[PDB]
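Step one of this worksheet: look at the structure below.
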Amino acid sequence: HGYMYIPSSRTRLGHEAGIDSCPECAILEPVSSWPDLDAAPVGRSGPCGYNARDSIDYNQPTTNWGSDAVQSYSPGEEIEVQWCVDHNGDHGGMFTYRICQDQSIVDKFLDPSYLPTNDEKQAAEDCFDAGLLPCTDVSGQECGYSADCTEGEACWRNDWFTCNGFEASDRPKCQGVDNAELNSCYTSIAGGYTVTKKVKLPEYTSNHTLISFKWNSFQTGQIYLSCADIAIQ
Ligand SMILES: OC[C@H]1O[C@H](OC[C@H]2O[C@H](O[C@H]3[C@H](O)[C@@H](O)[C@@H](O[C@H]4[C@H](O)[C@@H](O)[C@@H](O)O[C@@H]4CO)O[C@@H]3CO)[C@H](O)[C@@H](O)[C@@H]2O)[C@H](O)[C@@H](O)[C@@H]1O
Ligand SMILES: *[C@@H]1O[C@H](CO)[C@@H](O)[C@H](O)[C@H]1NC(C)=O
Ligand SMILES: [Zn+2]
Ligand SMILES: [Zn+2]
Ligand SMILES: [Zn+2]
Ligand SMILES: [Zn+2]
């Protein structure tokens with residue numbers, strides 16, 4: 001259980017607006033999340049997430065999210081990106097951030113009067129996959145391989161970030177990455193822990209585009225997706 005925290009995602013805003021009772025619950029399942037991290041169709045979840053608890057589809061704006069950029073950046077800027085993991089749902093695994101560099105695709109996710117179809121959500125997901133922001137694009141960032149992967153498998157890739165080993169004696173799992181205090185970020189179930197990295201934004205301008213967060217489990221078949229509205233100017 002988790003969701004994107006910085007920049008503030010649609011899911012974070014849905015919870016802060018008093019709409020989403022369990023932001024960390026928005027999940028794509030059942031799916032094959034491992035070891036091939038991008039083969040599973042994203043279905044209704046799409047690149048922004050769907051929360052079944054309250055029937056909230058984050059792929060379209062409402063009065064509470066999606067209307068404008070939450071934060072503005074510069075092309076090529078190295079930025080802080082953070083997600084929030086629940087204390088009781090820390091799965092380990094691998095996660096990433098993506099930006100679709102096709103504005104006309106993204107526009108269909110910026111219209112409060114339009115709900116993307118599942119085919120449009122998948123075409124968008126494919127554009128996000130193409131627009132993955134690699135861990136390794138940030139000078140000096142350590143980009144390791146997963147303790148839950150072996151070379152030759154489709155999870156053996158350090159463009160994606162990895163959580164710490166599930167079985168590590170010190171600082172295991174995703175919480176171990178920052179080793180932050182409980183409730184350093186909000187979750188509804190048991191309180192949240194931050195998971196913080198940097199990415200290099202693309203050399204691309206938009207007054208309003210999306211960054212999509214994706215987190216895949218290894219032990220169970222589950223994917224968590226969120227997106228944030230940003231500007232790159
Ligand atoms: O308004 C929110 C919040 O802002 C500040 O705190 C931010 C953040 O601080 C801490 O996260 C740390 C990580 O723990 C630490 O590991 C490090 O992550 C680095 C890595 O070291 C690098 O290798 C590379 O990948 O980049 C990441 C990200 O820079 O630094 C981050 C902070 O950037 C803390 O654990 C989190 O809980 C915090 O959100 C203010 O201090 C805070 O008061 C305020 O609440
Ligand atoms: C953003 O909008 C302003 C109009 O307010 C315009 O001048 C500028 O070119 C736009 N930027 C992009 C990246 O489209
Ligand atoms: Zn979970
Ligand atoms: Zn479940
Ligand atoms: Zn694949
Ligand atoms: Zn286009």
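Labeling convention for the structure tokens: chains A, B, ... as they appear, residues from 1 per chain, ligands from 1 in order of appearance.
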Considering only C-alpha atoms and all ligand atoms, give me a table of residues in chain A that are at most 8 Å from ligand 6, with the closest atom pair and distance in Å for each, as a tab-separated table.
residue	atom	partner	partner_atom_place_in_ligand_line	distance
A:102	CA	ligand 6	1 (Zn)	4.6
A:103	CA	ligand 6	1 (Zn)	5.3
A:104	CA	ligand 6	1 (Zn)	4.0
A:105	CA	ligand 6	1 (Zn)	5.9
Q: Write out as a PyMOL selection string each polymer residue whose atoms come within 12 Å of residue 33 of chain A, counting only C-alpha atoms; drop sequence neighbours fewer than 4 positions from it.
A: chain A and resi 27-29+37-42+93-95+154-155+214-224
Could those selected residues go to a file with N, CA and C atoms, as a compact mmCIF listing (two decimals), in the first residue's frame?
# COMPACT_ATOMS: atom_id res chain seq x y z
N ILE A 27 -5.11 0.32 -6.08
CA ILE A 27 -4.26 -0.82 -6.50
C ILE A 27 -4.73 -1.44 -7.80
N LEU A 28 -3.75 -1.87 -8.60
CA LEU A 28 -3.98 -2.71 -9.79
C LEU A 28 -3.70 -4.15 -9.37
N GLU A 29 -4.74 -4.95 -9.35
CA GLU A 29 -4.65 -6.38 -9.02
C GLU A 29 -5.96 -7.03 -9.45
N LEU A 37 8.16 -6.15 -15.40
CA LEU A 37 7.53 -5.09 -14.66
C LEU A 37 6.51 -4.29 -15.49
N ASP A 38 6.52 -4.49 -16.81
CA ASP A 38 5.67 -3.66 -17.66
C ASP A 38 4.74 -4.49 -18.60
N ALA A 39 4.74 -5.81 -18.48
CA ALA A 39 3.93 -6.62 -19.36
C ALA A 39 2.43 -6.53 -18.98
N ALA A 40 2.14 -6.44 -17.67
CA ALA A 40 0.72 -6.50 -17.25
C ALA A 40 -0.02 -5.26 -17.76
N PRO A 41 -1.20 -5.49 -18.37
CA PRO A 41 -2.08 -4.36 -18.75
C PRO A 41 -2.51 -3.58 -17.53
N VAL A 42 -2.64 -2.27 -17.67
CA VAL A 42 -2.99 -1.43 -16.52
C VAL A 42 -4.50 -1.29 -16.37
N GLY A 93 10.13 -4.40 -3.32
CA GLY A 93 9.88 -4.37 -4.76
C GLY A 93 10.62 -3.25 -5.46
N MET A 94 10.06 -2.79 -6.58
CA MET A 94 10.77 -1.90 -7.45
C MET A 94 9.76 -0.81 -7.85
N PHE A 95 10.25 0.40 -8.04
CA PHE A 95 9.36 1.50 -8.43
C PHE A 95 10.05 2.49 -9.38
N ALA A 154 13.62 -10.31 -16.19
CA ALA A 154 13.17 -9.00 -16.67
C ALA A 154 13.15 -7.87 -15.61
N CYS A 155 13.39 -8.22 -14.35
CA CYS A 155 13.46 -7.28 -13.24
C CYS A 155 14.91 -6.75 -13.05
N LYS A 214 4.85 4.40 -10.48
CA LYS A 214 4.51 2.99 -10.59
C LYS A 214 5.37 2.17 -9.64
N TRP A 215 4.72 1.27 -8.86
CA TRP A 215 5.42 0.49 -7.86
C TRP A 215 4.92 -0.94 -8.00
N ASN A 216 5.86 -1.88 -8.24
CA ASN A 216 5.53 -3.26 -8.45
C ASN A 216 6.03 -4.12 -7.33
N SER A 217 5.15 -4.98 -6.83
CA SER A 217 5.54 -6.00 -5.81
C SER A 217 6.19 -7.21 -6.42
N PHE A 218 7.04 -7.90 -5.62
CA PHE A 218 7.65 -9.17 -6.10
C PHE A 218 6.98 -10.40 -5.54
N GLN A 219 6.56 -10.33 -4.28
CA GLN A 219 6.03 -11.54 -3.57
C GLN A 219 4.55 -11.86 -3.89
N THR A 220 3.82 -10.80 -4.21
CA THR A 220 2.42 -10.89 -4.60
C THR A 220 2.29 -10.05 -5.89
N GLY A 221 1.22 -10.33 -6.63
CA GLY A 221 0.94 -9.73 -7.92
C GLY A 221 0.11 -8.48 -7.79
N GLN A 222 0.81 -7.36 -7.66
CA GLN A 222 0.16 -6.08 -7.41
C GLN A 222 1.02 -4.93 -7.90
N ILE A 223 0.35 -3.92 -8.41
CA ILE A 223 0.97 -2.69 -8.90
C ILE A 223 0.19 -1.50 -8.33
N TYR A 224 0.95 -0.51 -7.87
CA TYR A 224 0.39 0.74 -7.42
C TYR A 224 0.79 1.90 -8.34
Q: Taking the DSSP assignment computed from this structure's backbone, write out as a list in words all residues of segment 17-130 of chain A that belong to helix (DSSP H, G or I).
A: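 Reading the DSSP output for segment 17-130 of chain A, helix (DSSP H, G or I) covers residues 23, 24, 25, 103, 104, 105, 106, 107, 108, 109, 118, 119, 120, 121, 122, 123, 124, 125, 126, 127, 128, 129 and 130 of chain A.
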Keeping N, CA and C atoms for every residue in the selection just given, could you write it to a file as a PDB file, in the first residue's frame?
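New file selection-v6.pdb:
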ATOM      1  N   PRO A  23      -5.936   6.592   0.496  1.00  0.00           N
ATOM      2  CA  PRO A  23      -5.158   6.892  -0.710  1.00  0.00           C
ATOM      3  C   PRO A  23      -4.196   5.764  -1.103  1.00  0.00           C
ATOM      4  N   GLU A  24      -3.629   5.136  -0.088  1.00  0.00           N
ATOM      5  CA  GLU A  24      -2.673   4.036  -0.305  1.00  0.00           C
ATOM      6  C   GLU A  24      -3.331   2.743  -0.840  1.00  0.00           C
ATOM      7  N   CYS A  25      -4.653   2.686  -0.839  1.00  0.00           N
ATOM      8  CA  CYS A  25      -5.381   1.485  -1.290  1.00  0.00           C
ATOM      9  C   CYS A  25      -5.602   1.395  -2.797  1.00  0.00           C
ATOM     10  N   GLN A 103       1.993  15.368 -25.767  1.00  0.00           N
ATOM     11  CA  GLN A 103       1.001  16.203 -25.138  1.00  0.00           C
ATOM     12  C   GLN A 103      -0.440  15.820 -25.532  1.00  0.00           C
ATOM     13  N   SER A 104      -0.632  15.435 -26.798  1.00  0.00           N
ATOM     14  CA  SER A 104      -2.009  15.145 -27.243  1.00  0.00           C
ATOM     15  C   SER A 104      -2.566  13.895 -26.545  1.00  0.00           C
ATOM     16  N   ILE A 105      -1.684  12.941 -26.218  1.00  0.00           N
ATOM     17  CA  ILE A 105      -2.094  11.790 -25.431  1.00  0.00           C
ATOM     18  C   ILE A 105      -2.451  12.259 -24.013  1.00  0.00           C
ATOM     19  N   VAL A 106      -1.548  13.044 -23.412  1.00  0.00           N
ATOM     20  CA  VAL A 106      -1.756  13.442 -22.059  1.00  0.00           C
ATOM     21  C   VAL A 106      -3.026  14.293 -21.882  1.00  0.00           C
ATOM     22  N   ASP A 107      -3.311  15.123 -22.872  1.00  0.00           N
ATOM     23  CA  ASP A 107      -4.500  15.992 -22.824  1.00  0.00           C
ATOM     24  C   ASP A 107      -5.824  15.302 -22.490  1.00  0.00           C
ATOM     25  N   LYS A 108      -5.954  14.025 -22.873  1.00  0.00           N
ATOM     26  CA  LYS A 108      -7.174  13.294 -22.613  1.00  0.00           C
ATOM     27  C   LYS A 108      -7.353  12.924 -21.142  1.00  0.00           C
ATOM     28  N   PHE A 109      -6.298  13.165 -20.344  1.00  0.00           N
ATOM     29  CA  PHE A 109      -6.276  12.920 -18.926  1.00  0.00           C
ATOM     30  C   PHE A 109      -6.362  14.202 -18.123  1.00  0.00           C
ATOM     31  N   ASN A 118     -10.293   2.326 -21.260  1.00  0.00           N
ATOM     32  CA  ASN A 118      -9.169   1.461 -20.907  1.00  0.00           C
ATOM     33  C   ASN A 118      -8.149   1.328 -22.025  1.00  0.00           C
ATOM     34  N   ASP A 119      -8.592   1.329 -23.282  1.00  0.00           N
ATOM     35  CA  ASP A 119      -7.617   1.353 -24.412  1.00  0.00           C
ATOM     36  C   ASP A 119      -6.807   2.628 -24.407  1.00  0.00           C
ATOM     37  N   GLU A 120      -7.455   3.780 -24.173  1.00  0.00           N
ATOM     38  CA  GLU A 120      -6.660   5.041 -24.079  1.00  0.00           C
ATOM     39  C   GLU A 120      -5.688   5.016 -22.875  1.00  0.00           C
ATOM     40  N   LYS A 121      -6.129   4.425 -21.759  1.00  0.00           N
ATOM     41  CA  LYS A 121      -5.240   4.334 -20.593  1.00  0.00           C
ATOM     42  C   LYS A 121      -4.021   3.500 -20.917  1.00  0.00           C
ATOM     43  N   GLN A 122      -4.206   2.423 -21.676  1.00  0.00           N
ATOM     44  CA  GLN A 122      -3.051   1.568 -22.081  1.00  0.00           C
ATOM     45  C   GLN A 122      -2.135   2.244 -23.107  1.00  0.00           C
ATOM     46  N   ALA A 123      -2.716   2.949 -24.073  1.00  0.00           N
ATOM     47  CA  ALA A 123      -1.866   3.693 -25.017  1.00  0.00           C
ATOM     48  C   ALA A 123      -1.064   4.733 -24.248  1.00  0.00           C
ATOM     49  N   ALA A 124      -1.702   5.367 -23.250  1.00  0.00           N
ATOM     50  CA  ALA A 124      -0.984   6.349 -22.428  1.00  0.00           C
ATOM     51  C   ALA A 124       0.098   5.652 -21.612  1.00  0.00           C
ATOM     52  N   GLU A 125      -0.243   4.516 -20.997  1.00  0.00           N
ATOM     53  CA  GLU A 125       0.759   3.766 -20.249  1.00  0.00           C
ATOM     54  C   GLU A 125       1.993   3.438 -21.082  1.00  0.00           C
ATOM     55  N   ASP A 126       1.752   3.102 -22.354  1.00  0.00           N
ATOM     56  CA  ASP A 126       2.873   2.785 -23.253  1.00  0.00           C
ATOM     57  C   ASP A 126       3.758   4.015 -23.519  1.00  0.00           C
ATOM     58  N   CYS A 127       3.117   5.177 -23.618  1.00  0.00           N
ATOM     59  CA  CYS A 127       3.853   6.414 -23.747  1.00  0.00           C
ATOM     60  C   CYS A 127       4.668   6.756 -22.469  1.00  0.00           C
ATOM     61  N   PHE A 128       4.091   6.505 -21.297  1.00  0.00           N
ATOM     62  CA  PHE A 128       4.796   6.663 -20.023  1.00  0.00           C
ATOM     63  C   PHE A 128       5.979   5.702 -19.954  1.00  0.00           C
ATOM     64  N   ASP A 129       5.787   4.438 -20.328  1.00  0.00           N
ATOM     65  CA  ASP A 129       6.881   3.485 -20.320  1.00  0.00           C
ATOM     66  C   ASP A 129       8.047   3.989 -21.183  1.00  0.00           C
ATOM     67  N   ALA A 130       7.711   4.548 -22.335  1.00  0.00           N
ATOM     68  CA  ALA A 130       8.710   5.130 -23.232  1.00  0.00           C
ATOM     69  C   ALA A 130       9.433   6.337 -22.620  1.00  0.00           C
TER      70      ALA A 130
END
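Checking A:51, A:46, A:83, A:10 one by one against ligand 4, counting only C-alpha atoms and all ligand atoms, you find the shortest gap at A:51.
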Q) For ligand 3, which of A:89, A:192, A:66, A:43 is the closest residue, counting only C-alpha atoms and all ligand atoms? A) A:89
Q | Counting only C-alpha atoms, the option among A:100, A:87, A:144, A:30 closest to residue 185 of chain A | A | A:87
Output the neighbourhood of ligand 1 as a compact mmCIF listing (two decimals) with N, CA and C atoms, in the first residue's frame, that is, all protein and nucleic acid residues with some atom at most 12 Å from the ligand, counting only C-alpha atoms and all ligand atoms.
# COMPACT_ATOMS: atom_id res chain seq x y z
N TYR A 5 3.68 11.03 -3.27
CA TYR A 5 3.59 12.11 -2.31
C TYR A 5 4.14 13.47 -2.75
N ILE A 6 5.29 13.49 -3.42
CA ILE A 6 5.92 14.74 -3.89
C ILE A 6 6.43 14.50 -5.27
N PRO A 7 6.13 15.39 -6.21
CA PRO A 7 5.10 16.42 -6.07
C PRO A 7 3.76 15.78 -5.75
N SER A 8 2.88 16.60 -5.18
CA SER A 8 1.60 16.10 -4.75
C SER A 8 0.79 15.46 -5.86
N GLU A 78 16.92 18.33 -12.04
CA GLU A 78 16.89 17.18 -11.08
C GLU A 78 16.01 17.57 -9.92
N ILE A 79 14.97 16.78 -9.75
CA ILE A 79 13.93 17.06 -8.75
C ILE A 79 13.79 15.94 -7.70
N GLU A 80 13.33 16.34 -6.51
CA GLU A 80 12.92 15.38 -5.51
C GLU A 80 11.59 14.74 -5.91
N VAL A 81 11.56 13.41 -5.83
CA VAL A 81 10.30 12.68 -5.97
C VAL A 81 10.15 11.77 -4.76
N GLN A 82 8.97 11.75 -4.16
CA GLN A 82 8.72 10.99 -2.93
C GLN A 82 7.40 10.20 -3.07
N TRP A 83 7.40 8.97 -2.53
CA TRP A 83 6.17 8.28 -2.35
C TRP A 83 6.03 7.85 -0.90
N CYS A 84 4.81 7.41 -0.52
CA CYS A 84 4.46 7.12 0.86
C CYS A 84 4.05 5.68 0.94
N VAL A 85 4.70 4.91 1.83
CA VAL A 85 4.36 3.49 2.02
C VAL A 85 3.71 3.31 3.41
N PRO A 134 15.09 7.44 -15.81
CA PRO A 134 15.94 6.43 -15.16
C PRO A 134 16.65 6.92 -13.89
N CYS A 135 16.75 6.05 -12.90
CA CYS A 135 17.52 6.35 -11.68
C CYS A 135 18.92 6.90 -12.06
N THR A 136 19.51 6.27 -13.09
CA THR A 136 20.86 6.53 -13.46
C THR A 136 21.13 7.89 -14.15
N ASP A 137 20.05 8.59 -14.49
CA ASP A 137 20.16 9.93 -15.13
C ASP A 137 20.58 11.03 -14.14
N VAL A 138 20.52 10.73 -12.84
CA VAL A 138 20.96 11.63 -11.79
C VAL A 138 22.38 11.30 -11.36
N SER A 139 23.28 12.26 -11.64
CA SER A 139 24.67 12.16 -11.27
C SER A 139 24.77 11.88 -9.82
N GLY A 140 25.51 10.82 -9.51
CA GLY A 140 25.84 10.50 -8.15
C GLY A 140 24.81 9.65 -7.41
N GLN A 141 23.64 9.43 -8.01
CA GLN A 141 22.63 8.58 -7.40
C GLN A 141 23.02 7.13 -7.57
N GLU A 142 22.97 6.40 -6.47
CA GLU A 142 23.26 4.95 -6.48
C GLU A 142 22.04 4.19 -6.93
N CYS A 143 22.20 3.38 -8.00
CA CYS A 143 21.08 2.70 -8.63
C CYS A 143 21.40 1.21 -8.67
N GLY A 144 20.99 0.51 -7.61
CA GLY A 144 21.25 -0.91 -7.47
C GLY A 144 20.19 -1.82 -8.13
N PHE A 161 14.03 2.22 -9.81
CA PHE A 161 14.54 2.16 -8.45
C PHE A 161 14.16 0.82 -7.76
N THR A 162 14.94 0.45 -6.74
CA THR A 162 14.59 -0.67 -5.93
C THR A 162 14.43 -0.28 -4.44
N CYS A 163 13.47 -0.95 -3.80
CA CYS A 163 13.40 -0.91 -2.35
C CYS A 163 14.55 -1.77 -1.80
N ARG A 171 17.18 -1.97 8.16
CA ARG A 171 16.54 -1.15 7.13
C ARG A 171 15.97 -1.96 5.94
N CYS A 174 10.81 -1.19 1.57
CA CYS A 174 10.78 0.20 1.09
C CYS A 174 11.01 1.24 2.17
N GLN A 175 10.50 0.98 3.39
CA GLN A 175 10.70 1.89 4.52
C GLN A 175 12.18 2.12 4.79
N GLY A 176 13.00 1.09 4.53
CA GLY A 176 14.42 1.16 4.83
C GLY A 176 15.21 2.15 3.99
N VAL A 177 14.65 2.54 2.86
CA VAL A 177 15.31 3.45 1.93
C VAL A 177 15.61 4.80 2.63
N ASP A 178 14.58 5.47 3.17
CA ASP A 178 14.75 6.72 3.90
C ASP A 178 15.00 6.45 5.39
N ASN A 179 14.56 5.27 5.88
CA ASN A 179 14.46 5.03 7.33
C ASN A 179 13.82 6.25 8.12
N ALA A 180 12.73 6.76 7.58
CA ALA A 180 12.03 7.90 8.18
C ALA A 180 11.16 7.42 9.37
N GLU A 181 10.70 8.39 10.14
CA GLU A 181 9.77 8.17 11.22
C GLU A 181 8.38 7.86 10.69
N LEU A 182 7.65 7.06 11.46
CA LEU A 182 6.26 6.80 11.14
C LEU A 182 5.49 8.11 11.12
N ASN A 183 4.53 8.15 10.19
CA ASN A 183 3.71 9.36 9.89
C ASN A 183 4.50 10.55 9.36
N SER A 184 5.62 10.23 8.72
CA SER A 184 6.33 11.23 7.94
C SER A 184 5.55 11.57 6.65
N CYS A 185 4.58 10.71 6.31
CA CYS A 185 3.61 11.00 5.27
C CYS A 185 2.33 10.21 5.59
N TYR A 186 1.20 10.68 5.08
CA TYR A 186 -0.08 10.18 5.52
C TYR A 186 -0.41 8.86 4.84
N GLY A 192 2.27 6.31 7.58
CA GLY A 192 3.09 6.22 6.41
C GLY A 192 4.54 6.58 6.67
N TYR A 193 5.37 6.04 5.78
CA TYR A 193 6.81 6.34 5.75
C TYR A 193 7.18 6.85 4.35
N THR A 194 7.99 7.90 4.31
CA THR A 194 8.50 8.41 3.03
C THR A 194 9.48 7.48 2.36
N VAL A 195 9.50 7.57 1.04
CA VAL A 195 10.48 6.88 0.14
C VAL A 195 10.89 7.91 -0.92
N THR A 196 12.12 8.39 -0.79
CA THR A 196 12.54 9.61 -1.48
C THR A 196 13.71 9.32 -2.43
N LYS A 197 13.60 9.85 -3.64
CA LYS A 197 14.66 9.74 -4.65
C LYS A 197 14.72 11.02 -5.44
N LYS A 198 15.66 11.08 -6.39
CA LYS A 198 15.70 12.14 -7.37
C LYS A 198 15.52 11.59 -8.77
N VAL A 199 14.90 12.36 -9.63
CA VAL A 199 14.91 12.07 -11.07
C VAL A 199 15.27 13.31 -11.83
N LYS A 200 15.77 13.09 -13.04
CA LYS A 200 16.04 14.19 -13.99
C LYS A 200 14.86 14.35 -14.95
Go through the chains and note each residue within 9 Å of ligand 2, using only C-alpha atoms and all ligand atoms, then give the set as a compact mmCIF listing (two decimals) with N, CA, C and O atoms, in the first residue's frame.
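Generated file (selection-v8.txt):
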# COMPACT_ATOMS: atom_id res chain seq x y z
N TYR A 204 11.98 19.09 -22.18
CA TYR A 204 10.66 19.10 -22.74
C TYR A 204 9.86 20.15 -22.01
O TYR A 204 10.00 20.25 -20.81
N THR A 205 9.06 20.94 -22.72
CA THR A 205 8.26 21.94 -22.07
C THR A 205 6.76 21.63 -22.21
O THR A 205 6.30 21.09 -23.25
N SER A 206 6.02 21.95 -21.13
CA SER A 206 4.56 21.80 -21.10
C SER A 206 4.03 22.70 -19.94
O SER A 206 4.58 22.68 -18.81
N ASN A 207 2.96 23.44 -20.20
CA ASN A 207 2.29 24.13 -19.12
C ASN A 207 1.49 23.18 -18.22
O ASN A 207 1.07 23.59 -17.14
N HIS A 208 1.23 21.96 -18.67
CA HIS A 208 0.49 21.06 -17.87
C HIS A 208 0.66 19.65 -18.49
O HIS A 208 0.10 19.32 -19.53
N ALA A 231 4.08 21.25 -14.34
CA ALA A 231 4.51 22.06 -15.46
C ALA A 231 6.01 22.01 -15.60
O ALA A 231 6.72 21.90 -14.61
N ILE A 232 6.50 22.06 -16.86
CA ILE A 232 7.94 22.13 -17.12
C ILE A 232 8.18 23.28 -18.09
O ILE A 232 7.67 23.25 -19.21
N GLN A 233 8.80 24.35 -17.58
CA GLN A 233 8.79 25.60 -18.30
C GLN A 233 10.16 26.22 -18.39
O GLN A 233 10.46 26.85 -19.42
Q | Separation of atom CA of residue 131 of chain A from atom CA of residue 13 of chain A in Å | A |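 Atom CA of residue 131 of chain A lies 23.9 Å from atom CA of residue 13 of chain A.
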Q.
Among segment 2-223 of chain A, which residues does DSSP mark as strand (DSSP E or B) when it is run on the backbone? Keep the chain and numbering as in the structure and answer as an NGL selection string.
A. :A and (2-6 or 28 or 50-51 or 56-57 or 62 or 65 or 71-73 or 78-86 or 94-98 or 132 or 161-162 or 185 or 192-200 or 206-216 or 223)
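Using only C-alpha atoms, the contacts of residue 113 of chain A at a cut-off of 9 Å, with sequence neighbours closer than 6 positions omitted, comprise residues 60, 61 and 62 of chain A.
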Q: Record the distance separating atom CA of residue 47 of chain A and atom CA of residue 114 of chain A, expressed in Å with one decimal.
A: 15.5 Å
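Minimum atom-to-atom distances from A:209, A:101, A:88, A:32 to ligand 3 were compared using only C-alpha atoms and all ligand atoms, and the lowest value belongs to A:88.
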Q: Take atom CA of residue 3 of chain A and atom CA of residue 22 of chain A and report the distance between them in Å, one decimal.
A: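 Rounded to one decimal, the two atoms are 10.0 Å apart.
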Q. In terms of the shortest atom-to-atom distance over only C-alpha atoms, which of A:2, A:76, A:172, A:92 is closest to residue 49 of chain A?
A. A:2
